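>>> only geometry, no sequence info:
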């Protein structure tokens, strides 16, 4: 639907979709799209209001310029930031390990005050990383992604608390700007106020107010209504402006002689000097909105004007009096209520744009205080604009952000959906925000405002639940950073089509309708009443007159990864969350078959994932080949697409790609041309459809274990590809320079039958565990060999050498062909790190079959390892002779409340056999509603079932009584949906009909080849003699504490001591036991370790004489 | 009487610790 060449996936839905899904990747591209300032965003935020737009960079320069020294004799100004064209295209930048950027130019001008000059000079600011078409960045060849961050928005926050002593209500306020000072207006258990600005112990409201230039009469005039401040003024003890101004200054410093500076300069240099205290363009808006200030205004400023303060002051006193509304001279009346910190109306989302703008600003705040410092001590009249601009700090800051920053993460891409959902993520943790251990379980809970903005289902299971969430489908980011959602406004019970994006603030004030309401052909609520969501957040019920807004469609709450689970409204939240988190972990198979029964988010989430080569302009195919395709547009110029074949992903998967068109086909703009890793015909296909039964089979699938058939191994139905990358480097050492050469110290000649004449192996060599990949050799140095060895070299006429055999050998348990070999050299201009003459990398491919130990999983969160793989001949086979493929257990279905995975098992069979409603005289009651043209479907037909609007419990049962016979008229699955299986092992049939169907399962990326480990004796750390391993090093297992407790509970002293002494640290013990073992003698009885003759020395180093008696 | 609280009890300890550190 609304896609040129998409497949025809029948749908079970009943409602319409007035609004179609947005540009899922918009939150990254159209969000970036504001630092550069491309005309695209110009028109976007110029047609929908936005009187005057200013780019992300321009908004920095226009706050930096004009550079002015303290002498006031000269000035520097910046303007017109523009970008050139990129140097190297994406692909090349991904291959040569060079960062994908473009040049940045800013017009700079210096002017003198004595006489003045008009020197304008285009200053090159440096390289700037650009955002690829998919929304990711390329840094040093690695594809990284920036993740938006949730942060409470600067502004005014009120609140109230109860004291246990007297049990009254104390109403506090706070004003939190970006890079400023905080001043809570507390209201103590007693009176009167909590003026304690900048956290200095307190102050009285009349002090700061009067010090602002207020007569003691005006205070009682405005704020007397409102008598609680009468006591504040009475007990203030101070009369006059400076009489309390110098007291404020005292409490601030303290301990310094008061003056006229310490009285007025301070106050005017903490709130009204827009260089040390400035609340960003957002705060200046959240404050006006909260209070009833200039709100109707193009207003643009960052100084906390006196007025605002006074307002909030009385606001506070009005709160702890008992009232609802508040007004101010000339201001729009606002309601009085304590704000909530977690409400999605006070929690903005700094996207990838503001994070880069912040880094650019922090850099400018280093490159800025380098001109005005080299502006006085330079030769005046001899300086040119470029002579002052030391750009280096800015590029350094940028590179220090895109690297080593905990918000720039390697794009988790082992399949299209994992990549798509790595973007659109919002993590409340990270820099500038809260932490993971210092944030109580309040920011984790789901708030009734998250409906439509953040999905409540999708979230990690580890110690991050609630801290890392994902955007919804229809949501959209405001120009400030607040998340919006589209509603349809209904006027007088007549549902219209005027879509209106509401934020989180202006949603509670109104009344929101429900998605699935009985509208009758016009927009009239058939029934007299309707469900609603009132301000507070409760679920009320109202008449069909107050309803003004209504959701555009169900599944608004659901994210993208979640909107692909069929029958979601039948699964529990735990299992639904596990299913949503176990899809971004699947692996791309070799065939990539589409799912038989999914939802509408398949076709519309692959073309947006950025791994499906989409025809750009409607043309006609001219030539196709596994390597590339060419389209001949209707207007002359053609265009050649280059599909990437067998490219390694970041997690080791395969990035294959293959055309899906012929040499004559006509194509239109948007249509799919080449499939992706996990796509099929241009739509997500993460796994395969397998015939599954639901019986427990003789104890091989016990407690989540799964058994398979050999067919899935013979017919390459779950075979996957994996490409690993090994790397070695040859540097210069103290004795010389390491050389990568075919020559080697004492070694055989059968371990060189695959290395080319110059070391590195030849492409196509079937390597295995232990073999050699790169021939390296390092200078030995100089030593002196004992007799036994000199009398041995003489015998074998092999004079010794001065090199060590330190090559690059394949790690343990790894095989497969050698695909690619990359080589960089300092002698060949191939830039590399310091002290590195050469650097080689070797890619090894491997086709992994399914094997017991590999984890599998369906969409509904059900998972399990593969325990047994029976031959194809002993497996419960239907009456025809078709063996079931997988055999799931029953005891896992009921107690986990995921009966969803059963419904799709039933439907999965229907859509596999194909039905035809027998309504040739009249549509049966059960199926007189759902669609038309869905009363019959050819065998092996595709279908769809939207998340909360799909098939119905009473419809499957109607689609299960029409299951046309396979070849000879013989219905195999009776009405209830159960077959009569024959026991392939014993021969006779099972005594009860068993449930069978077609389930869509996926092979996760937790294969045993990754987990299996072992270590007999490896390398040990030098400082601490405990075992240690790395890439090609075993590593050693960790015998923790509770294990020692268990050992002691057994009373096994010798085993514990052995695990503690001759296996971890005792160097004289490990070798003395290894020698015994290898010689076949008795293991020496564990004595007292040598780690006890070191405690005595460490004590005696303190003048403590400890003696063993 | 807007003297909040704990200002004296905190300042006497701060000054005492500062005097100790200067004595060191």
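Now that the structure is in, tell me what you want to look at. Residues are numbered from 1 along each chain as shown, chains lettered A, B, ... in the order given.
>>> so the closest residue to residue A:492 other than its chain neighbours is in which element?
Taking C-beta to C-beta, 6 or more residues apart in numbering or on different chains as the measure, residue A:492 lies nearest to residue A:545, with 7.4 Å between them; neighbours along the chain are not counted. All C-beta atoms are positioned from the backbone trio N, CA, C, and that covers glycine. For residue A:545, there is no enclosing helix or strand under DSSP states H and E.
>>> can I assume residue A:545 is in contact with residue A:493?
Yes: proximity of residue A:545 to residue A:493 meets the contact threshold set by C-beta atoms under 8 Å, at 6.2 Å.
>>> helix/strand/coil for the spatially most central residue of chain B?
Within chain B, the residue whose C-alpha comes closest to the C-alpha centroid is residue B:11; the distance, by C-alpha atoms, centre = their mean, is 1.9 Å. Using DSSP: H, G, I helix; E, B strand; the rest coil, the structure places residue B:11 in helix.
>>> What of the one 4 residues further on?
Assigned state for residue B:15: helix (three-state reduction, three-state DSSP).
>>> What number of neighbouring residues does it come out with?
Counted with other C-beta atoms under 10 Å in any protein chain shown, the neighbours of residue B:15 add up to 10.
>>> For it, give its distance to chain A.
For residue B:15, the distance to chain A equals 10 Å [C-beta to the nearest C-beta, to the nearest Å].
>>> Next one: that residue from residue A:255, what distance?
Distance, residue B:15 to residue A:255, by C-beta to C-beta, to the nearest Å: 10 Å.
>>> Around chain A, which positions in chain B sit nearby?
In this structure, chain B approaches chain A at residues B:1, B:2, B:3, B:4, B:5, B:6, B:7, B:10, judged by C-beta under 8 Å from any C-beta of the partner chain.
>>> nearest residue to the last one other than its sequence neighbours?
Which is residue B:10. Nearest residue to residue B:10, sequence neighbours excluded (C-beta to C-beta, 6+ apart): residue A:201, at 7.9 Å.
>>> ok, that neighbour touching residue B:7?
Yes: when contacts are counted by C-beta under 8 Å, residue A:201 is listed as touching residue B:7 (4.9 Å).
>>> so what secondary structure elements neighbour the helix or strand containing residue A:1046?
Taking DSSP H and E as the criterion, residue A:1046 maps to helix A:1042-1050. Other elements packing on helix A:1042-1050 under the criterion 3 or more C-beta pairs under 8 Å, 6 or more residues apart in numbering or on different chains; DSSP states H and E are helix A:1053-1060.
>>> Can you mark which positions in stretch A:1049-1059 are buried?
A:1056, A:1057, A:1058 (16 or more other C-beta atoms under 10 Å in any protein chain shown).
>>> Would it be right to say that residue A:77 lies in a strand?
Yes: residue assignment for residue A:77, taken from three-state DSSP, places it within a strand.
>>> Tally up the residues packed near it, please.
By other C-beta under 10 Å, the residues close to residue A:77 number 18.
>>> now do residue A:496
The local packing of residue A:496 (other C-beta under 10 Å) involves 14 other residues.
>>> my guess is residue A:492 contacts residue A:547, does it?
No: the pair residue A:492 and residue A:547 fails to qualify as a contact (C-beta under 8 Å) at a distance of 9.9 Å.
>>> who's more crowded, the two?
For residue A:492 versus residue A:547, the count of surrounding residues by other C-beta under 10 Å is larger for residue A:547: 25 against 11.
>>> excluding its backbone neighbours, what's nearest the more buried one?
Across the structure, with C-beta to C-beta, 6+ apart as the measure, the residue nearest residue A:547 apart from its sequence neighbours is residue A:513 (4.4 Å).
>>> ok, residues contacting the helix holding residue A:1046?
Outside of helix A:1042-1050, the residues that reach it under the criterion C-beta atoms under 8 Å, 6 or more residues apart in numbering or on different chains are A:1055, A:1056, A:1059, A:1060.
>>> Could I get these in a markdown table, plus columns for distance to residue A:743?
Formatted as a markdown table, the entries for these read as follows, by distance: C-beta to C-beta, whole Å:
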| residue | distance to residue A:743 |
| --- | --- |
| A:1055 | 49 |
| A:1056 | 50 |
| A:1059 | 44 |
| A:1060 | 46 |
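>>> Need the residues you listed in CSV (columns: distance to chain B).
Formatted as CSV, the entries for the contacts of helix A:1042-1050 read as follows, by distance: C-beta to the nearest C-beta, whole Å:
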residue, distance to chain B
A:1055, 52
A:1056, 47
A:1059, 47
A:1060, 43
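>>> dump the residue contacts of residue A:678.
Counting by C-beta under 8 Å, 6+ apart, residue A:678 makes contact with A:415, A:416, A:417, A:586, A:588, A:589, A:592, A:684, A:685, A:686.
>>> and the gap between residue A:866 and chain B?
According to C-beta to the nearest C-beta, residue A:866 stands 65 Å off from chain B.
>>> no, scratch that, I was asking about residue A:1010
When C-beta to the nearest C-beta is the yardstick, residue A:1010 and chain B sit 55 Å from each other.
>>> How about residue A:491?
In this structure, residue A:491 and chain B are separated by 54 Å, where distance is defined by C-beta to the nearest C-beta.
>>> Touching, that residue and residue A:548? I think so.
Yes: in this structure residue A:491 lies within contact range of residue A:548 using C-beta under 8 Å: 7.3 Å.
>>> When these two are compared, which one has more neighbours?
residue A:548 (17 against 11).
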